[PDB]
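Raw coords01.cif, mmCIF, C-alpha atoms:
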data_start
#
loop_
_atom_site.group_PDB
_atom_site.id
_atom_site.type_symbol
_atom_site.label_atom_id
_atom_site.label_comp_id
_atom_site.auth_asym_id
_atom_site.auth_seq_id
_atom_site.Cartn_x
_atom_site.Cartn_y
_atom_site.Cartn_z
ATOM 1 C CA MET A 1 75.121 125.787 102.787
ATOM 2 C CA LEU A 2 75.747 122.458 104.528
ATOM 3 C CA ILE A 3 79.137 120.844 103.830
ATOM 4 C CA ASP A 4 80.220 117.399 105.032
ATOM 5 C CA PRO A 5 83.046 118.076 107.533
ATOM 6 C CA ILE A 6 85.126 115.139 106.277
ATOM 7 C CA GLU A 7 84.596 114.653 102.552
ATOM 8 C CA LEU A 8 83.698 118.323 102.037
ATOM 9 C CA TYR A 9 80.879 117.960 99.503
ATOM 10 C CA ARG A 10 77.631 119.886 99.799
ATOM 11 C CA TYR A 11 74.266 118.390 100.661
ATOM 12 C CA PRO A 12 71.281 119.166 98.392
ATOM 13 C CA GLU A 13 69.398 121.943 100.191
ATOM 14 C CA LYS A 14 66.162 120.082 99.482
ATOM 15 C CA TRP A 15 67.390 117.131 101.606
ATOM 16 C CA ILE A 16 67.741 119.340 104.655
ATOM 17 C CA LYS A 17 64.377 119.252 106.385
ATOM 18 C CA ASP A 18 65.260 119.291 110.057
ATOM 19 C CA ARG A 19 66.675 122.004 112.320
ATOM 20 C CA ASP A 20 68.780 119.181 113.756
ATOM 21 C CA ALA A 21 70.190 118.249 110.313
ATOM 22 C CA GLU A 22 73.263 120.453 110.654
ATOM 23 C CA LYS A 23 74.160 119.342 114.180
ATOM 24 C CA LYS A 24 74.226 115.733 112.976
ATOM 25 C CA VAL A 25 76.140 116.534 109.784
ATOM 26 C CA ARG A 26 78.614 118.835 111.545
ATOM 27 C CA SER A 27 79.319 115.940 113.958
ATOM 28 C CA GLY A 28 80.878 113.763 111.264
ATOM 29 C CA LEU A 29 78.612 110.984 112.503
ATOM 30 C CA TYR A 30 75.798 111.493 109.987
ATOM 31 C CA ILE A 31 75.576 111.455 106.200
ATOM 32 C CA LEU A 32 72.300 113.089 105.211
ATOM 33 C CA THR A 33 70.391 111.301 102.452
ATOM 34 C CA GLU A 34 67.388 112.060 100.246
ATOM 35 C CA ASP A 35 65.131 110.438 102.858
ATOM 36 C CA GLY A 36 66.879 110.187 106.220
ATOM 37 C CA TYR A 37 70.418 109.740 107.548
ATOM 38 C CA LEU A 38 73.243 107.199 107.241
ATOM 39 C CA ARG A 39 75.324 106.648 110.383
ATOM 40 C CA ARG A 40 79.132 106.803 110.266
ATOM 41 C CA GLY A 41 81.097 104.653 112.701
ATOM 42 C CA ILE A 42 84.346 105.188 114.595
ATOM 43 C CA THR A 43 87.617 103.539 113.597
ATOM 44 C CA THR A 44 89.742 101.187 115.715
ATOM 45 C CA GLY A 45 92.031 104.207 116.062
ATOM 46 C CA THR A 46 89.258 106.387 117.452
ATOM 47 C CA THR A 47 87.981 103.589 119.689
ATOM 48 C CA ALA A 48 91.498 103.083 121.022
ATOM 49 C CA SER A 49 91.761 106.826 121.693
ATOM 50 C CA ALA A 50 88.472 106.811 123.574
ATOM 51 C CA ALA A 51 89.625 103.894 125.744
ATOM 52 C CA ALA A 52 92.889 105.648 126.604
ATOM 53 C CA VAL A 53 91.220 108.966 127.393
ATOM 54 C CA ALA A 54 88.521 107.277 129.506
ATOM 55 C CA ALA A 55 91.059 105.289 131.519
ATOM 56 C CA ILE A 56 92.955 108.475 132.506
ATOM 57 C CA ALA A 57 89.825 110.506 133.182
ATOM 58 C CA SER A 58 88.267 107.704 135.276
ATOM 59 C CA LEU A 59 91.060 108.057 137.806
ATOM 60 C CA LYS A 60 89.649 111.313 139.146
ATOM 61 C CA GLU A 61 85.911 110.712 138.543
ATOM 62 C CA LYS A 62 83.341 108.343 137.043
ATOM 63 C CA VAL A 63 83.290 108.310 133.238
ATOM 64 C CA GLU A 64 80.571 107.245 130.822
ATOM 65 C CA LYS A 65 81.562 109.333 127.803
ATOM 66 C CA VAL A 66 84.708 111.071 126.603
ATOM 67 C CA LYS A 67 85.485 113.429 123.774
ATOM 68 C CA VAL A 68 88.354 112.562 121.453
ATOM 69 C CA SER A 69 89.980 114.469 118.613
ATOM 70 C CA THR A 70 90.195 112.784 115.194
ATOM 71 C CA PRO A 71 92.576 113.132 112.230
ATOM 72 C CA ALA A 72 89.727 114.788 110.275
ATOM 73 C CA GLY A 73 89.624 117.490 112.927
ATOM 74 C CA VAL A 74 86.123 116.621 114.178
ATOM 75 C CA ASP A 75 85.976 115.802 117.909
ATOM 76 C CA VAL A 76 83.688 112.872 118.661
ATOM 77 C CA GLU A 77 81.943 111.861 121.845
ATOM 78 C CA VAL A 78 82.256 108.141 122.613
ATOM 79 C CA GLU A 79 80.348 106.131 125.208
ATOM 80 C CA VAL A 80 82.636 104.120 127.452
ATOM 81 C CA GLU A 81 82.631 101.962 130.581
ATOM 82 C CA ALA A 82 85.507 103.283 132.671
ATOM 83 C CA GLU A 83 86.431 103.013 136.345
ATOM 84 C CA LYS A 84 89.606 103.772 138.313
ATOM 85 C CA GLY A 85 92.145 103.681 135.497
ATOM 86 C CA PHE A 86 90.409 100.954 133.504
ATOM 87 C CA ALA A 87 88.248 101.439 130.411
ATOM 88 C CA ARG A 88 86.285 99.263 128.014
ATOM 89 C CA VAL A 89 85.041 100.704 124.704
ATOM 90 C CA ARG A 90 83.221 98.981 121.869
ATOM 91 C CA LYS A 91 83.785 100.055 118.279
ATOM 92 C CA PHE A 92 80.697 100.742 116.175
ATOM 93 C CA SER A 93 80.617 100.815 112.382
ATOM 94 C CA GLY A 94 77.404 102.781 111.831
ATOM 95 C CA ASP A 95 75.510 101.646 108.740
ATOM 96 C CA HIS A 96 78.464 99.893 107.131
ATOM 97 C CA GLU A 97 76.825 96.850 105.508
ATOM 98 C CA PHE A 98 79.593 94.790 107.130
ATOM 99 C CA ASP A 99 82.743 95.712 109.044
ATOM 100 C CA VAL A 100 84.454 92.620 110.509
ATOM 101 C CA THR A 101 85.589 94.542 113.617
ATOM 102 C CA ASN A 102 82.259 96.218 114.321
ATOM 103 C CA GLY A 103 81.410 95.653 117.988
ATOM 104 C CA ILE A 104 84.995 94.686 118.880
ATOM 105 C CA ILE A 105 86.069 95.648 122.411
ATOM 106 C CA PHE A 106 89.043 97.878 123.199
ATOM 107 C CA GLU A 107 90.488 97.923 126.706
ATOM 108 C CA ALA A 108 92.774 100.587 128.154
ATOM 109 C CA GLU A 109 94.630 100.371 131.443
ATOM 110 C CA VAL A 110 96.639 103.140 133.133
ATOM 111 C CA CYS A 111 100.124 101.989 134.074
ATOM 112 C CA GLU A 112 103.185 103.326 135.911
ATOM 113 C CA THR A 113 105.528 103.713 132.957
ATOM 114 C CA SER A 114 104.599 106.844 130.982
ATOM 115 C CA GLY A 115 103.606 106.460 127.343
ATOM 116 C CA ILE A 116 101.197 104.583 125.055
ATOM 117 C CA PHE A 117 101.557 100.811 124.836
ATOM 118 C CA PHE A 118 99.711 98.112 122.918
ATOM 119 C CA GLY A 119 99.022 94.697 124.414
ATOM 120 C CA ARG A 120 97.173 91.498 123.570
ATOM 121 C CA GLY A 121 94.918 91.430 120.525
ATOM 122 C CA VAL A 122 96.978 94.026 118.649
ATOM 123 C CA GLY A 123 98.845 92.406 115.767
ATOM 124 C CA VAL A 124 102.591 92.631 115.228
ATOM 125 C CA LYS A 125 104.360 93.134 111.889
ATOM 126 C CA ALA A 126 108.138 93.230 111.415
ATOM 127 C CA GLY A 127 108.643 93.318 115.169
ATOM 128 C CA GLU A 128 106.377 96.356 115.584
ATOM 129 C CA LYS A 129 102.768 96.873 116.683
ATOM 130 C CA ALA A 130 100.296 97.192 113.791
ATOM 131 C CA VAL A 131 99.105 100.774 114.473
ATOM 132 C CA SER A 132 98.932 103.052 111.415
ATOM 133 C CA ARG A 133 100.527 106.503 111.371
ATOM 134 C CA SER A 134 97.157 108.274 111.508
ATOM 135 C CA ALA A 135 95.936 106.123 114.386
ATOM 136 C CA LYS A 136 99.189 106.538 116.260
ATOM 137 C CA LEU A 137 99.255 110.324 116.020
ATOM 138 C CA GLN A 138 95.571 110.454 116.995
ATOM 139 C CA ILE A 139 96.048 108.297 120.077
ATOM 140 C CA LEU A 140 99.137 110.244 121.166
ATOM 141 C CA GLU A 141 97.298 113.495 120.655
ATOM 142 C CA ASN A 142 94.432 112.434 122.907
ATOM 143 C CA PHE A 143 96.912 110.990 125.406
ATOM 144 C CA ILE A 144 98.696 114.348 125.674
ATOM 145 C CA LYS A 145 95.436 116.280 126.056
ATOM 146 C CA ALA A 146 94.133 113.855 128.694
ATOM 147 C CA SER A 147 97.457 113.702 130.569
ATOM 148 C CA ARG A 148 97.293 117.487 130.941
ATOM 149 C CA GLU A 149 93.577 117.860 131.676
ATOM 150 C CA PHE A 150 93.672 115.220 134.395
ATOM 151 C CA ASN A 151 97.209 115.985 135.550
ATOM 152 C CA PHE A 152 98.232 112.432 134.683
ATOM 153 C CA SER A 153 101.903 111.421 134.445
ATOM 154 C CA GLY A 154 101.716 107.669 133.906
ATOM 155 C CA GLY A 155 100.861 105.784 130.730
ATOM 156 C CA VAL A 156 98.222 103.476 129.267
ATOM 157 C CA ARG A 157 98.275 100.057 127.640
ATOM 158 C CA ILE A 158 95.625 99.540 124.967
ATOM 159 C CA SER A 159 94.440 95.964 124.341
ATOM 160 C CA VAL A 160 91.884 94.057 122.287
ATOM 161 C CA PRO A 161 90.610 90.958 124.216
ATOM 162 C CA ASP A 162 89.283 89.159 121.114
ATOM 163 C CA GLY A 163 91.764 90.702 118.741
ATOM 164 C CA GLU A 164 93.797 87.590 118.054
ATOM 165 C CA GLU A 165 90.668 85.657 117.150
ATOM 166 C CA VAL A 166 88.847 88.341 115.161
ATOM 167 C CA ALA A 167 92.172 88.668 113.349
ATOM 168 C CA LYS A 168 92.038 85.071 112.123
ATOM 169 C CA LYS A 169 89.074 86.101 109.958
ATOM 170 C CA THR A 170 90.477 89.432 108.839
ATOM 171 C CA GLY A 171 93.102 87.907 106.565
ATOM 172 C CA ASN A 172 95.636 90.578 107.573
ATOM 173 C CA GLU A 173 97.890 87.646 108.521
ATOM 174 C CA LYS A 174 98.845 87.349 104.852
ATOM 175 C CA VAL A 175 100.134 90.916 105.079
ATOM 176 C CA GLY A 176 102.691 90.116 107.752
ATOM 177 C CA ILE A 177 100.502 91.133 110.686
ATOM 178 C CA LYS A 178 100.156 88.362 113.241
ATOM 179 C CA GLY A 179 98.687 87.862 116.693
ATOM 180 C CA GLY A 180 95.952 90.477 116.465
ATOM 181 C CA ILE A 181 94.148 93.218 114.564
ATOM 182 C CA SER A 182 95.465 96.516 113.210
ATOM 183 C CA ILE A 183 94.610 99.884 114.746
ATOM 184 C CA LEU A 184 93.952 102.370 111.968
ATOM 185 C CA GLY A 185 91.802 105.152 110.567
ATOM 186 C CA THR A 186 92.797 107.982 108.243
ATOM 187 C CA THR A 187 89.907 110.284 109.200
ATOM 188 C CA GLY A 188 88.865 108.742 112.505
ATOM 189 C CA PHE A 189 85.475 107.735 111.098
ATOM 190 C CA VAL A 190 84.151 104.603 109.407
ATOM 191 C CA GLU A 191 82.441 105.287 106.064
ATOM 192 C CA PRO A 192 79.077 103.356 106.095
ATOM 193 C CA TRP A 193 79.553 101.397 102.892
ATOM 194 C CA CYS A 194 76.285 99.921 101.611
ATOM 195 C CA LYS A 195 74.112 100.387 98.503
ATOM 196 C CA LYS A 196 72.234 103.308 100.026
ATOM 197 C CA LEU A 197 75.515 105.176 100.558
ATOM 198 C CA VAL A 198 76.776 104.441 97.041
ATOM 199 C CA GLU A 199 73.512 105.784 95.547
ATOM 200 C CA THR A 200 73.382 108.750 97.901
ATOM 201 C CA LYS A 201 76.964 109.810 97.187
ATOM 202 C CA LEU A 202 76.365 109.559 93.430
ATOM 203 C CA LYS A 203 73.411 111.933 93.772
ATOM 204 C CA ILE A 204 75.527 114.261 95.893
ATOM 205 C CA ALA A 205 78.167 114.158 93.154
ATOM 206 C CA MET A 206 75.514 115.200 90.637
ATOM 207 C CA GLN A 207 75.738 118.749 91.992
ATOM 208 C CA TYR A 208 79.188 118.989 90.401
ATOM 209 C CA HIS A 209 80.113 118.841 86.745
ATOM 210 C CA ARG A 210 83.682 117.656 87.314
ATOM 211 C CA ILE A 211 84.346 114.954 89.903
ATOM 212 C CA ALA A 212 87.309 112.878 91.052
ATOM 213 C CA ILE A 213 86.317 109.250 91.793
ATOM 214 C CA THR A 214 88.837 108.075 94.410
ATOM 215 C CA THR A 215 89.437 104.746 96.193
ATOM 216 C CA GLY A 216 90.203 106.058 99.666
ATOM 217 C CA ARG A 217 91.279 109.007 101.782
ATOM 218 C CA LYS A 218 94.867 109.056 100.488
ATOM 219 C CA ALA A 219 93.576 109.059 96.902
ATOM 220 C CA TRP A 220 91.117 111.800 97.822
ATOM 221 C CA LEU A 221 93.963 113.915 99.212
ATOM 222 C CA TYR A 222 95.922 113.314 96.040
ATOM 223 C CA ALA A 223 93.044 114.449 93.836
ATOM 224 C CA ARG A 224 92.478 117.511 96.053
ATOM 225 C CA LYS A 225 96.051 118.497 95.316
ATOM 226 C CA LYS A 226 96.608 117.415 91.688
ATOM 227 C CA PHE A 227 93.096 117.952 90.286
ATOM 228 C CA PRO A 228 91.681 120.891 92.300
ATOM 229 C CA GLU A 229 88.900 121.700 89.792
ATOM 230 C CA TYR A 230 87.309 118.243 90.277
ATOM 231 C CA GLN A 231 85.071 117.662 93.288
ATOM 232 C CA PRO A 232 86.814 114.816 95.193
ATOM 233 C CA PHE A 233 84.668 111.859 96.263
ATOM 234 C CA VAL A 234 85.501 108.507 97.801
ATOM 235 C CA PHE A 235 83.705 105.626 96.134
ATOM 236 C CA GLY A 236 86.085 102.860 97.161
ATOM 237 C CA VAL A 237 85.610 99.926 94.806
ATOM 238 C CA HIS A 238 82.161 101.166 93.756
ATOM 239 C CA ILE A 239 83.618 103.000 90.740
ATOM 240 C CA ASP A 240 81.143 101.612 88.198
ATOM 241 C CA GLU A 241 78.342 103.355 90.045
ATOM 242 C CA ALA A 242 80.222 106.637 90.185
ATOM 243 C CA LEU A 243 80.772 106.322 86.430
ATOM 244 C CA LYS A 244 77.017 106.827 85.916
ATOM 245 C CA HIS A 245 77.721 110.492 86.633
ATOM 246 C CA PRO A 246 77.037 112.498 83.429
ATOM 247 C CA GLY A 247 79.781 115.136 83.762
ATOM 248 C CA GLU A 248 83.589 115.206 83.788
ATOM 249 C CA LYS A 249 85.057 112.251 85.689
ATOM 250 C CA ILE A 250 88.559 111.290 86.671
ATOM 251 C CA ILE A 251 89.534 108.100 88.524
ATOM 252 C CA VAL A 252 92.273 108.304 91.162
ATOM 253 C CA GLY A 253 93.282 105.325 93.276
ATOM 254 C CA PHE A 254 95.904 102.865 94.446
ATOM 255 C CA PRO A 255 96.693 99.582 92.599
ATOM 256 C CA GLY A 256 95.037 97.452 95.268
ATOM 257 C CA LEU A 257 91.466 98.710 94.981
ATOM 258 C CA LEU A 258 91.678 99.632 91.301
ATOM 259 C CA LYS A 259 92.418 96.051 90.239
ATOM 260 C CA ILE A 260 89.595 94.869 92.505
ATOM 261 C CA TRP A 261 87.181 97.130 90.629
ATOM 262 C CA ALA A 262 88.751 96.530 87.211
ATOM 263 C CA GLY A 263 89.564 92.848 87.563
ATOM 264 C CA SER A 264 93.341 92.987 87.150
ATOM 265 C CA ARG A 265 96.247 95.454 87.026
ATOM 266 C CA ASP A 266 96.109 95.211 83.237
ATOM 267 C CA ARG A 267 92.333 95.706 83.082
ATOM 268 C CA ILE A 268 92.592 99.119 84.783
ATOM 269 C CA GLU A 269 94.081 101.025 81.824
ATOM 270 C CA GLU A 270 91.909 98.907 79.511
ATOM 271 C CA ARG A 271 88.751 99.707 81.484
ATOM 272 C CA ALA A 272 90.008 103.296 81.516
ATOM 273 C CA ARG A 273 90.166 103.837 77.759
ATOM 274 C CA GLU A 274 87.136 101.516 77.624
ATOM 275 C CA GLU A 275 85.027 103.997 79.618
ATOM 276 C CA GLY A 276 86.503 107.186 78.214
ATOM 277 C CA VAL A 277 87.723 108.175 81.678
ATOM 278 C CA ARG A 278 91.300 108.725 82.787
ATOM 279 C CA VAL A 279 92.549 106.481 85.608
ATOM 280 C CA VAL A 280 95.388 107.858 87.744
ATOM 281 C CA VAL A 281 97.124 105.077 89.630
ATOM 282 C CA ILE A 282 99.125 106.365 92.592
#

Starting from the file, give its structure as structure tokens.
Amino acid sequence: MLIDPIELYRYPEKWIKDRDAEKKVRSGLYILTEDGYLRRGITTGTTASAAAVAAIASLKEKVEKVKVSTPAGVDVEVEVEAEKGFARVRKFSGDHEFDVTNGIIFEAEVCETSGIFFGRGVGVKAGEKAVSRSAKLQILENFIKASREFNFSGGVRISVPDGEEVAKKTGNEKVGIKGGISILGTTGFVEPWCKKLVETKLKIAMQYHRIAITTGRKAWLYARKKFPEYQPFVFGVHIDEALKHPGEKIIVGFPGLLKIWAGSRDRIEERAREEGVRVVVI
């Protein structure tokens, strides 16, 4: 059968009409639908990794594409514009109905001092650069691989030219992050949130009697561990749609997104017993 390499669900065998269907699915970049494909994007973390890897590789040859590892374990090929220690990579969000940082440019420059550094456009919170754990480990991982492959001993500074601006419309400034955007990504890929995806994933979830409706990757991991007999799915704030599923449903998510779906921290548990479905707030 054909299993999504990231979310791990199975695709209806009747949707697979293409000998190329598995290559796309196995790449983490495509979500097969009833009639076509949905394109996944790459996170700021993966785009940053690509920039760093391309900058190092470009020292000993012309680069136009690089392969980077991701937290999900699926290596992805990214198109870049690199030359002599300098790289420019644009993030793409696939079919996400609207990702504020889609198309944002990431620049990477090789420097003398060994290590990974973050410059302009990257926000700062509590005196530290706003790079999530996942993103940080991913970037370091690719940095190590590249340093060895290209016998590199220096370092790279990753920057976002329009980061400070784009940030002004990302609201993350009310979270303590100032002066730029955050670099993140739990899986390395951007889930293409739109109506088509919400409907497609519900249909995919129809192949399972018991399903865990989660808000994000962390929630999904929690459900995988605490509710193994439920097929874990990420529906974000689109819980109402997932609730149309006719089998056994369980809701797992963090306070932030659950109140957004519910309407308030108090409406969660109310909506819970009001739908006949347990809501696990982690």

Residue with the minimum atom-to-atom distance to residue 54 of chain A, picked from A:150, A:98, A:30, A:11 with all atoms listed in the file counted, is A:150

- What does the PyMOL selection byres ((chain A and resi 194) around 12) select in this file, as number ranges by chain? A: 38-40, 93-99, 191-193, 195-201, 235-238

If you count all atoms listed in the file, the residue of A:49, A:121, A:224, A:253 closest to residue 185 of chain A turns out to be A:49

* Shell of 12 Å around residue 216 of chain A, all atoms listed in the file, local chain residues under 6 positions omitted, as a list in words -> residues 7, 185, 186, 187, 190, 191, 222, 223, 232, 233, 234, 235, 236, 237, 238, 239, 251, 252, 253, 254, 255, 256, 257, 258 and 282 of chain A

Taking C-alpha atoms for each residue, export the selection above as an mmCIF file, in the coordinates of the input.
data_model
loop_
_atom_site.group_PDB
_atom_site.id
_atom_site.type_symbol
_atom_site.label_atom_id
_atom_site.label_comp_id
_atom_site.auth_asym_id
_atom_site.auth_seq_id
_atom_site.Cartn_x
_atom_site.Cartn_y
_atom_site.Cartn_z
ATOM 1 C CA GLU A 7 84.596 114.653 102.552
ATOM 2 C CA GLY A 185 91.802 105.152 110.567
ATOM 3 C CA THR A 186 92.797 107.982 108.243
ATOM 4 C CA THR A 187 89.907 110.284 109.200
ATOM 5 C CA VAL A 190 84.151 104.603 109.407
ATOM 6 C CA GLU A 191 82.441 105.287 106.064
ATOM 7 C CA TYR A 222 95.922 113.314 96.040
ATOM 8 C CA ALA A 223 93.044 114.449 93.836
ATOM 9 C CA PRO A 232 86.814 114.816 95.193
ATOM 10 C CA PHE A 233 84.668 111.859 96.263
ATOM 11 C CA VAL A 234 85.501 108.507 97.801
ATOM 12 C CA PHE A 235 83.705 105.626 96.134
ATOM 13 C CA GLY A 236 86.085 102.860 97.161
ATOM 14 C CA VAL A 237 85.610 99.926 94.806
ATOM 15 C CA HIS A 238 82.161 101.166 93.756
ATOM 16 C CA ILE A 239 83.618 103.000 90.740
ATOM 17 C CA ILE A 251 89.534 108.100 88.524
ATOM 18 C CA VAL A 252 92.273 108.304 91.162
ATOM 19 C CA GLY A 253 93.282 105.325 93.276
ATOM 20 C CA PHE A 254 95.904 102.865 94.446
ATOM 21 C CA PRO A 255 96.693 99.582 92.599
ATOM 22 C CA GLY A 256 95.037 97.452 95.268
ATOM 23 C CA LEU A 257 91.466 98.710 94.981
ATOM 24 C CA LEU A 258 91.678 99.632 91.301
ATOM 25 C CA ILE A 282 99.125 106.365 92.592
#

(Q) Report as a ChimeraX atom specification all protein, DNA and RNA residues lying within 12 Å of residue 144 of chain A, evaluated on only C-alpha atoms, omitting residues in the same chain fewer than 5 positions from it. (A) /A:49,52-53,56,68-69,114-116,137-139,149-156

To test the calculation: enclose all listed atoms of segment 96-114 of chain A in a box whose edges run along x, y and z, add 4 Å on each side, then state centre and edge lengths in Å to one decimal, as JSON.
{"center_x": 91.2, "center_y": 99.7, "center_z": 120.7, "size_x": 36.7, "size_y": 22.2, "size_z": 38.4}

Q: Taking the file above as input, evaluate the PyMOL selection byres ((chain A and resi 35) around 10) and report the hits as a ChimeraX atom specification.
A: /A:15-17,32-34,36-38,200

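With distances restricted to only C-alpha atoms, A:249 is the closest residue to residue 211 of chain A from A:26, A:273, A:244, A:249.
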
- [ ] Starting from the shown file, work through the PyMOL selection byres ((chain A and resi 178) around 9) and note down what comes out as a PyMOL selection string.
- [x] chain A and resi 122-125+130+164+167-168+172-177+179-181

Please dump the current selection as a JSON list (two decimals), in the coordinates of the input; keep C-alpha atoms.
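Written out: again25.json:
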[["chain", "number", "residue", "atom", "x", "y", "z"],
["A", 122, "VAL", "CA", 96.98, 94.03, 118.65],
["A", 123, "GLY", "CA", 98.84, 92.41, 115.77],
["A", 124, "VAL", "CA", 102.59, 92.63, 115.23],
["A", 125, "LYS", "CA", 104.36, 93.13, 111.89],
["A", 130, "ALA", "CA", 100.30, 97.19, 113.79],
["A", 164, "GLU", "CA", 93.80, 87.59, 118.05],
["A", 167, "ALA", "CA", 92.17, 88.67, 113.35],
["A", 168, "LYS", "CA", 92.04, 85.07, 112.12],
["A", 172, "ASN", "CA", 95.64, 90.58, 107.57],
["A", 173, "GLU", "CA", 97.89, 87.65, 108.52],
["A", 174, "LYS", "CA", 98.84, 87.35, 104.85],
["A", 175, "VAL", "CA", 100.13, 90.92, 105.08],
["A", 176, "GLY", "CA", 102.69, 90.12, 107.75],
["A", 177, "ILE", "CA", 100.50, 91.13, 110.69],
["A", 179, "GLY", "CA", 98.69, 87.86, 116.69],
["A", 180, "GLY", "CA", 95.95, 90.48, 116.46],
["A", 181, "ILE", "CA", 94.15, 93.22, 114.56]]

Would you mind completing segment 154-165 of chain A to N, CA, C and O atoms and writing the output as an mmCIF file, in the coordinates of the input?
data_model
loop_
_atom_site.group_PDB
_atom_site.id
_atom_site.type_symbol
_atom_site.label_atom_id
_atom_site.label_comp_id
_atom_site.auth_asym_id
_atom_site.auth_seq_id
_atom_site.Cartn_x
_atom_site.Cartn_y
_atom_site.Cartn_z
ATOM 1 N N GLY A 154 101.406 109.045 134.244
ATOM 2 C CA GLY A 154 101.716 107.669 133.906
ATOM 3 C C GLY A 154 101.510 107.385 132.429
ATOM 4 O O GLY A 154 101.721 108.258 131.588
ATOM 5 N N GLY A 155 101.101 106.160 132.114
ATOM 6 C CA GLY A 155 100.861 105.784 130.730
ATOM 7 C C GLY A 155 99.646 104.885 130.624
ATOM 8 O O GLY A 155 98.953 104.662 131.615
ATOM 9 N N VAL A 156 99.359 104.380 129.430
ATOM 10 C CA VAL A 156 98.222 103.476 129.267
ATOM 11 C C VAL A 156 98.570 102.367 128.286
ATOM 12 O O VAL A 156 99.326 102.575 127.334
ATOM 13 N N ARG A 157 98.053 101.172 128.547
ATOM 14 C CA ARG A 157 98.275 100.057 127.640
ATOM 15 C C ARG A 157 96.907 99.788 127.029
ATOM 16 O O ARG A 157 95.912 99.634 127.746
ATOM 17 N N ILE A 158 96.861 99.777 125.701
ATOM 18 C CA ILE A 158 95.625 99.540 124.967
ATOM 19 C C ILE A 158 95.623 98.097 124.463
ATOM 20 O O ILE A 158 96.587 97.654 123.834
ATOM 21 N N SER A 159 94.548 97.363 124.753
ATOM 22 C CA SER A 159 94.440 95.964 124.341
ATOM 23 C C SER A 159 93.104 95.638 123.697
ATOM 24 O O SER A 159 92.121 96.353 123.879
ATOM 25 N N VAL A 160 93.086 94.532 122.961
ATOM 26 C CA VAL A 160 91.884 94.057 122.287
ATOM 27 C C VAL A 160 91.692 92.571 122.652
ATOM 28 O O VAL A 160 92.239 91.676 122.004
ATOM 29 N N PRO A 161 90.909 92.301 123.709
ATOM 30 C CA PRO A 161 90.610 90.958 124.216
ATOM 31 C C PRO A 161 90.364 89.867 123.172
ATOM 32 O O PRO A 161 90.897 88.763 123.299
ATOM 33 N N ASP A 162 89.568 90.160 122.143
ATOM 34 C CA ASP A 162 89.283 89.159 121.114
ATOM 35 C C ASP A 162 90.004 89.478 119.822
ATOM 36 O O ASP A 162 89.643 88.975 118.758
ATOM 37 N N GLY A 163 91.031 90.309 119.921
ATOM 38 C CA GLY A 163 91.764 90.702 118.741
ATOM 39 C C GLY A 163 92.448 89.584 117.992
ATOM 40 O O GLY A 163 92.397 89.538 116.766
ATOM 41 N N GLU A 164 93.092 88.678 118.712
ATOM 42 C CA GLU A 164 93.797 87.590 118.054
ATOM 43 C C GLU A 164 92.853 86.705 117.261
ATOM 44 O O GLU A 164 93.192 86.244 116.168
ATOM 45 N N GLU A 165 91.669 86.470 117.819
ATOM 46 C CA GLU A 165 90.668 85.657 117.150
ATOM 47 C C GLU A 165 90.099 86.406 115.956
ATOM 48 O O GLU A 165 90.258 85.972 114.816
#
